[PDB]
Amino acid sequence: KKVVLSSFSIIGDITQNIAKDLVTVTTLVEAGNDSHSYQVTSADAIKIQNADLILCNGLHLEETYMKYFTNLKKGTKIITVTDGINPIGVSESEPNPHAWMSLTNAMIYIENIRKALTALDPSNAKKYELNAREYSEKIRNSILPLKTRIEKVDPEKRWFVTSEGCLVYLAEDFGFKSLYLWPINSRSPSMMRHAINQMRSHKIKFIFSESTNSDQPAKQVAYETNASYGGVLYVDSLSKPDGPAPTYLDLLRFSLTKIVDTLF
Ligand SMILES: [Mn+2]
């Protein structure tokens, strides 16, 4: 039985839905850990040695631990599952990694993983094909009605404002503008000042924080802007199993529900 190592929880869960136990799916950066300076352990090096295929996000998500994907099993490829996604920068240059926060992109993650699994394990091609379509449809069925509702928001109110720049791909997929306090979790006073200024200028009503960062900056910004704190979104990791976002589909569904419930 082949072993497919995903870099972090979101990719692991996508892969499990496509492979359904035809392969063993493992995860390096488990739910509740963050990729930036994640410390690869000895046990983790075992996962790496066992992998027949390594599935990474790219867009620099793994940059701090790519060096551990070395001395690999012969034949084992590293696949970037965001291939085909036009990157969105962190400036007016380095890429923002959060490409999974998008309905269009979910379909691209699935397709690239389907393709890689099929190349690895061609005897099960018909199964990966069916599974990939089923899962793509399940995501569409859950998430499209939330998009449809979001799209009714009056143009002046088409802003996604968060703490980390975690929704920039969602904004591009749905046709919203994004404002945030820092591009990636690991914090700048000028970026806070800008968001405050932009919220006042555009009468922006809500700002969110996220499940792996502090709510204090968002709350402070809300106070300074006479905006409201929108609460916590799940974006960078799956939740614990009894939390609200234990799968990728549940993560998209929770965060988009919370956004649409806010913005109406
Ligand atoms: Mn992040």
# chains A, B, ... in the order shown; residues from 1 in each chain; ligands from 1
>>> select_by_dssp(residues="stretch 3-219 of chain A", states="strand (DSSP E)", output="PDB file with C-alpha atoms, in the first residue's frame")
ATOM      1  CA  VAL A   3       1.842   6.202   1.382  1.00  0.00           C
ATOM      2  CA  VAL A   4       1.058   9.832   0.423  1.00  0.00           C
ATOM      3  CA  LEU A   5       2.367  12.538   2.808  1.00  0.00           C
ATOM      4  CA  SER A   6       0.519  15.909   2.800  1.00  0.00           C
ATOM      5  CA  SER A   7       2.320  18.975   4.186  1.00  0.00           C
ATOM      6  CA  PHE A   8      -0.590  20.092   6.398  1.00  0.00           C
ATOM      7  CA  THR A  24      -2.370   5.663   3.300  1.00  0.00           C
ATOM      8  CA  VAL A  25      -2.664   9.423   3.726  1.00  0.00           C
ATOM      9  CA  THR A  26      -0.349  11.013   6.321  1.00  0.00           C
ATOM     10  CA  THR A  27       0.118  14.639   7.360  1.00  0.00           C
ATOM     11  CA  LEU A  28       3.220  16.488   8.468  1.00  0.00           C
ATOM     12  CA  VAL A  29       1.909  19.707  10.076  1.00  0.00           C
ATOM     13  CA  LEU A  53       4.467  10.975  -2.904  1.00  0.00           C
ATOM     14  CA  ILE A  54       4.716  14.301  -1.043  1.00  0.00           C
ATOM     15  CA  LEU A  55       1.929  16.837  -1.575  1.00  0.00           C
ATOM     16  CA  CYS A  56       2.852  20.476  -0.775  1.00  0.00           C
ATOM     17  CA  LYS A  77       8.109  13.180  -6.105  1.00  0.00           C
ATOM     18  CA  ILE A  78       7.126  16.460  -4.406  1.00  0.00           C
ATOM     19  CA  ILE A  79       3.922  17.777  -6.046  1.00  0.00           C
ATOM     20  CA  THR A  80       2.773  21.398  -5.673  1.00  0.00           C
ATOM     21  CA  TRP A 159     -14.959  44.076   1.674  1.00  0.00           C
ATOM     22  CA  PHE A 160     -13.429  41.070   3.420  1.00  0.00           C
ATOM     23  CA  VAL A 161     -11.433  42.509   6.411  1.00  0.00           C
ATOM     24  CA  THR A 162      -9.374  40.130   8.472  1.00  0.00           C
ATOM     25  CA  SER A 163      -6.332  40.087  10.729  1.00  0.00           C
ATOM     26  CA  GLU A 164      -4.022  37.863   8.664  1.00  0.00           C
ATOM     27  CA  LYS A 177     -11.898  43.796  -1.961  1.00  0.00           C
ATOM     28  CA  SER A 178      -9.694  42.567   1.020  1.00  0.00           C
ATOM     29  CA  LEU A 179      -8.045  44.562   3.819  1.00  0.00           C
ATOM     30  CA  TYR A 180      -5.931  43.015   6.540  1.00  0.00           C
ATOM     31  CA  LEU A 181      -3.447  43.774   9.327  1.00  0.00           C
ATOM     32  CA  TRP A 182      -0.541  41.431   8.305  1.00  0.00           C
ATOM     33  CA  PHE A 206     -16.727  44.291  10.325  1.00  0.00           C
ATOM     34  CA  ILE A 207     -13.281  42.893  10.957  1.00  0.00           C
ATOM     35  CA  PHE A 208     -12.499  39.224  11.773  1.00  0.00           C
ATOM     36  CA  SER A 209      -9.729  37.324  13.448  1.00  0.00           C
ATOM     37  CA  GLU A 210      -8.668  33.791  12.928  1.00  0.00           C
TER      38      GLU A 210
END
>>> residues_near_ligand(ligand="ligand 1", cutoff="9 Å", atoms="only C-alpha atoms and all ligand atoms", output="list in words")
residues 34, 35, 36, 61, 96, 97, 98, 164, 165, 166, 183, 184, 185, 186, 212, 235, 236 and 237 of chain A
>>> select_by_dssp(residues="stretch 15-67 of chain A", states="alpha helix (DSSP H)", output="list in words")
residues 15, 16, 17, 18, 19, 42, 43, 44, 45, 46, 47, 48, 49 and 50 of chain A
>>> closest_residue(among="A:221, A:238, A:143, A:167", to="residue A:257", atoms="only C-alpha atoms")
A:143
>>> residues_around(residues="stretch 198-204 of chain A", least_positions_apart="4", cutoff="7 Å", atoms="only C-alpha atoms", output="VMD selection string")
chain A and resid 157 194 225 227
>>> residues_around(residues="residue A:121", least_positions_apart="3", cutoff="10 Å", atoms="only C-alpha atoms", output="list in words")
residues 1, 2, 22, 23, 115, 116, 117, 118, 124, 125 and 128 of chain A
>>> closest_atom_pairs(of="stretch 216-254 of chain A", to="stretch 11-17 of chain A", cutoff="9 Å", atoms="only C-alpha atoms", output="JSON lines")
{"residue": "A:238", "atom": "CA", "partner": "A:13", "partner_atom": "CA", "distance": 8.8}
{"residue": "A:246", "atom": "CA", "partner": "A:13", "partner_atom": "CA", "distance": 8.9}
{"residue": "A:247", "atom": "CA", "partner": "A:13", "partner_atom": "CA", "distance": 6.1}
{"residue": "A:248", "atom": "CA", "partner": "A:13", "partner_atom": "CA", "distance": 6.3}
{"residue": "A:249", "atom": "CA", "partner": "A:14", "partner_atom": "CA", "distance": 8.6}
>>> write_last_selection(atoms="N, CA and C atoms", output="PDB file, in the first residue's frame")
ATOM      1  N   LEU A 238      -7.212  22.914   9.932  1.00  0.00           N
ATOM      2  CA  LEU A 238      -8.446  22.292  10.396  1.00  0.00           C
ATOM      3  C   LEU A 238      -8.543  22.445  11.909  1.00  0.00           C
ATOM      4  N   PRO A 246     -13.484  20.396  11.159  1.00  0.00           N
ATOM      5  CA  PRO A 246     -12.571  19.230  11.248  1.00  0.00           C
ATOM      6  C   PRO A 246     -12.208  18.669   9.856  1.00  0.00           C
ATOM      7  N   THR A 247     -12.799  19.205   8.811  1.00  0.00           N
ATOM      8  CA  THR A 247     -12.514  18.816   7.420  1.00  0.00           C
ATOM      9  C   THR A 247     -12.390  20.059   6.567  1.00  0.00           C
ATOM     10  N   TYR A 248     -11.799  19.949   5.379  1.00  0.00           N
ATOM     11  CA  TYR A 248     -11.709  21.097   4.512  1.00  0.00           C
ATOM     12  C   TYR A 248     -13.055  21.649   4.124  1.00  0.00           C
ATOM     13  N   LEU A 249     -13.972  20.779   3.703  1.00  0.00           N
ATOM     14  CA  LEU A 249     -15.324  21.234   3.399  1.00  0.00           C
ATOM     15  C   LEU A 249     -15.955  21.967   4.586  1.00  0.00           C
TER      16      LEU A 249
END
>>> residues_around(residues="residue A:149", least_positions_apart="3", cutoff="12 Å", atoms="only C-alpha atoms", output="VMD selection string")
chain A and resid 143 to 146 152 to 154 174 256 to 257 259 to 264
>>> write_last_selection(atoms="C-alpha atoms", output="short mmCIF file (atom, residue, chain, number, x, y, z; two decimals), in the first residue's frame")
data_model
loop_
_atom_site.label_atom_id
_atom_site.label_comp_id
_atom_site.auth_asym_id
_atom_site.auth_seq_id
_atom_site.Cartn_x
_atom_site.Cartn_y
_atom_site.Cartn_z
CA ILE A 143 -20.33 26.20 -0.82
CA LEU A 144 -22.09 27.55 -3.88
CA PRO A 145 -25.23 28.55 -2.05
CA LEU A 146 -23.09 30.67 0.32
CA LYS A 152 -26.17 39.93 -3.24
CA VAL A 153 -24.13 42.27 -0.98
CA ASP A 154 -24.35 45.91 -2.10
CA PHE A 174 -16.02 36.23 -5.43
CA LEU A 256 -17.99 31.46 4.51
CA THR A 257 -21.18 31.05 6.59
CA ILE A 259 -18.78 35.90 6.64
CA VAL A 260 -22.16 35.94 4.89
CA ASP A 261 -23.99 36.05 8.25
CA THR A 262 -21.95 39.06 9.17
CA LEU A 263 -22.23 40.98 5.96
CA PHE A 264 -25.93 40.64 6.00
#
>>> atom_distance(atom1="atom CA of residue A:9", atom2="atom CA of residue A:64")
16.9 Å
>>> decode(residues="stretch 113-138 of chain A", atoms="N, CA and C atoms", output="mmCIF file, in the first residue's frame")
data_model
loop_
_atom_site.group_PDB
_atom_site.id
_atom_site.type_symbol
_atom_site.label_atom_id
_atom_site.label_comp_id
_atom_site.auth_asym_id
_atom_site.auth_seq_id
_atom_site.Cartn_x
_atom_site.Cartn_y
_atom_site.Cartn_z
ATOM 1 N N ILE A 113 -4.432 16.912 -7.152
ATOM 2 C CA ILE A 113 -4.198 15.759 -6.275
ATOM 3 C C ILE A 113 -4.679 14.472 -6.990
ATOM 4 N N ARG A 114 -5.842 14.546 -7.616
ATOM 5 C CA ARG A 114 -6.332 13.424 -8.445
ATOM 6 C C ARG A 114 -5.270 12.994 -9.474
ATOM 7 N N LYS A 115 -4.711 13.982 -10.183
ATOM 8 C CA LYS A 115 -3.708 13.709 -11.194
ATOM 9 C C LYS A 115 -2.486 13.048 -10.608
ATOM 10 N N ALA A 116 -2.013 13.561 -9.466
ATOM 11 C CA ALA A 116 -0.830 12.973 -8.841
ATOM 12 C C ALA A 116 -1.064 11.555 -8.312
ATOM 13 N N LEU A 117 -2.203 11.320 -7.692
ATOM 14 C CA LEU A 117 -2.551 9.992 -7.205
ATOM 15 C C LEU A 117 -2.639 8.998 -8.345
ATOM 16 N N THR A 118 -3.169 9.457 -9.469
ATOM 17 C CA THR A 118 -3.371 8.599 -10.643
ATOM 18 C C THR A 118 -2.004 8.239 -11.248
ATOM 19 N N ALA A 119 -1.079 9.188 -11.283
ATOM 20 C CA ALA A 119 0.257 8.907 -11.802
ATOM 21 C C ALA A 119 1.011 7.939 -10.882
ATOM 22 N N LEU A 120 0.824 8.112 -9.578
ATOM 23 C CA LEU A 120 1.419 7.240 -8.598
ATOM 24 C C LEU A 120 0.845 5.819 -8.663
ATOM 25 N N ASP A 121 -0.467 5.706 -8.876
ATOM 26 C CA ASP A 121 -1.198 4.463 -8.672
ATOM 27 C C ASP A 121 -2.194 4.252 -9.802
ATOM 28 N N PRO A 122 -1.670 4.040 -10.995
ATOM 29 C CA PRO A 122 -2.525 4.075 -12.187
ATOM 30 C C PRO A 122 -3.559 2.980 -12.267
ATOM 31 N N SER A 123 -3.347 1.885 -11.532
ATOM 32 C CA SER A 123 -4.303 0.818 -11.560
ATOM 33 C C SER A 123 -5.642 1.209 -10.920
ATOM 34 N N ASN A 124 -5.643 2.259 -10.132
ATOM 35 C CA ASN A 124 -6.866 2.739 -9.473
ATOM 36 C C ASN A 124 -7.373 4.049 -10.117
ATOM 37 N N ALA A 125 -6.900 4.375 -11.324
ATOM 38 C CA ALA A 125 -7.320 5.606 -11.985
ATOM 39 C C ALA A 125 -8.836 5.817 -11.983
ATOM 40 N N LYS A 126 -9.614 4.784 -12.291
ATOM 41 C CA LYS A 126 -11.079 4.957 -12.395
ATOM 42 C C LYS A 126 -11.717 5.330 -11.067
ATOM 43 N N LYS A 127 -11.137 4.823 -10.003
ATOM 44 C CA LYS A 127 -11.566 5.170 -8.650
ATOM 45 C C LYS A 127 -11.194 6.588 -8.233
ATOM 46 N N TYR A 128 -9.977 7.024 -8.510
ATOM 47 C CA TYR A 128 -9.612 8.402 -8.206
ATOM 48 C C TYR A 128 -10.480 9.359 -9.033
ATOM 49 N N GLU A 129 -10.791 8.967 -10.257
ATOM 50 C CA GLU A 129 -11.610 9.811 -11.165
ATOM 51 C C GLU A 129 -12.997 10.010 -10.559
ATOM 52 N N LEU A 130 -13.631 8.909 -10.185
ATOM 53 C CA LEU A 130 -14.962 8.990 -9.600
ATOM 54 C C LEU A 130 -14.942 9.764 -8.306
ATOM 55 N N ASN A 131 -13.962 9.445 -7.447
ATOM 56 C CA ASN A 131 -13.890 10.073 -6.130
ATOM 57 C C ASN A 131 -13.667 11.569 -6.205
ATOM 58 N N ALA A 132 -12.814 11.991 -7.142
ATOM 59 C CA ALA A 132 -12.512 13.389 -7.326
ATOM 60 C C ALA A 132 -13.797 14.143 -7.771
ATOM 61 N N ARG A 133 -14.555 13.553 -8.693
ATOM 62 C CA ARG A 133 -15.790 14.219 -9.154
ATOM 63 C C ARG A 133 -16.804 14.306 -7.995
ATOM 64 N N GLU A 134 -17.005 13.192 -7.292
ATOM 65 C CA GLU A 134 -17.907 13.215 -6.138
ATOM 66 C C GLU A 134 -17.540 14.260 -5.157
ATOM 67 N N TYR A 135 -16.263 14.349 -4.812
ATOM 68 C CA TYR A 135 -15.854 15.303 -3.802
ATOM 69 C C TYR A 135 -15.957 16.782 -4.284
ATOM 70 N N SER A 136 -15.572 17.029 -5.550
ATOM 71 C CA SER A 136 -15.739 18.338 -6.137
ATOM 72 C C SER A 136 -17.229 18.787 -6.061
ATOM 73 N N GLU A 137 -18.148 17.869 -6.367
ATOM 74 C CA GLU A 137 -19.556 18.137 -6.308
ATOM 75 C C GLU A 137 -20.040 18.364 -4.900
ATOM 76 N N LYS A 138 -19.539 17.590 -3.952
ATOM 77 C CA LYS A 138 -19.915 17.837 -2.564
ATOM 78 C C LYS A 138 -19.518 19.247 -2.090
#
